[PDB]
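Heads up, the chain below is alone and in the form deposited in one PDB entry; it's given as structure tokens.
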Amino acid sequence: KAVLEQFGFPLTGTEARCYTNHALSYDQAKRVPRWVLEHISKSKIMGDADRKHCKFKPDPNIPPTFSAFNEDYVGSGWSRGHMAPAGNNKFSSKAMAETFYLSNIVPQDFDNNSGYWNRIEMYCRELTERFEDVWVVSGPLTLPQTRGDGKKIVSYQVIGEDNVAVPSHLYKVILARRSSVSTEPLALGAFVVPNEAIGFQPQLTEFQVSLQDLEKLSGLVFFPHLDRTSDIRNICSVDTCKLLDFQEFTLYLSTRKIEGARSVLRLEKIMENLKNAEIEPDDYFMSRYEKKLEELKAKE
């Protein structure tokens, strides 16, 4: 109607925004993304892109009045948690840098970010070994709880002067295709984890939800082009949905710390703590360990 629209309808700002290796819809009221879609493959998760050189910055395309800023996060007790992981963009330093735009970031628990959420990310990358193409939609969720008088309440903290919303939960929708020629039905799974320290006791399936139920909670329709009348396999039935256990994940963490060891004694402590946990180093750990020891012997 021209009369209503004479000075324009209000702008919500939810238009899809495309980047090198991810797309997102931004929530200008909460200063966080509504959803972030990415595609993962064997080649994308390989390359020389170094996360150490990347910096968090406001997304230059976002109107500043609706953008978050590093000052909102630093000192707030919450971490800047990627929705599209930086580890999924080793192939392109430009793609990785764009995952450090705050339009891709939500306030996330430190332990969750470096723990259970990281392991889900790793599981998503692992799926590329068994599937050729993997699509992932990540995003925040603000869920209700039942107050003492039975009534359901949504409560969430809001940090910084820009009032960046802290989600109560995080969701991931994983879609995997064996290949573009294959006749095998696609594998899909929806998962919802609280934005807090989880640990190693709960398996990923304990956080699995039906796609319908997640769409009702998030107010979103994921992968709308996907025809649901066809057969879509449960990813936790056709695949494993098993994250790394304590031993494997610690060995993985201790292997990464090798490359940052700036002294020989840092490097032996890494080995020390790994031995104290009775986790025997694997061949890959030793190769990097020996490589770094002679490297550090050749430096001042």
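For the two forms, the rigid core is made up of the largest set of C-alpha atoms that agree within 1.5 Å on superposition. Residue numbers run from 1 along the displayed sequence.
Here the subject shifts to the form deposited in another entry, a form of this protein not shown in this document.
The residue among 42, 269, 242, 233 whose Cα moves by 2 angstroms or more between the shown form and the other one, once the core is superposed, is 269. Once you line up the core between the shown form and the other one, the Cα of residue 60 stays within less than 2 Å of where it was. Fitting the two forms on the rigid core leaves the C-alpha of residue 257 displaced by at least 2 angstroms between the shown form and the other one. Taking 2 Å as the criterion, residue 285 counts as shifted between the shown form and the other one: its C-alpha moves by at least this amount when the rigid core is aligned.
Relative to the shown form, the CA atoms of residue 270 and residue 48 are pushed 3 Å or more farther apart in the other form.
In summary, the C-alpha positions of residue 275 and residue 111 converge in the other form, ending up at least 3 angstroms nearer each other than in this conformation.
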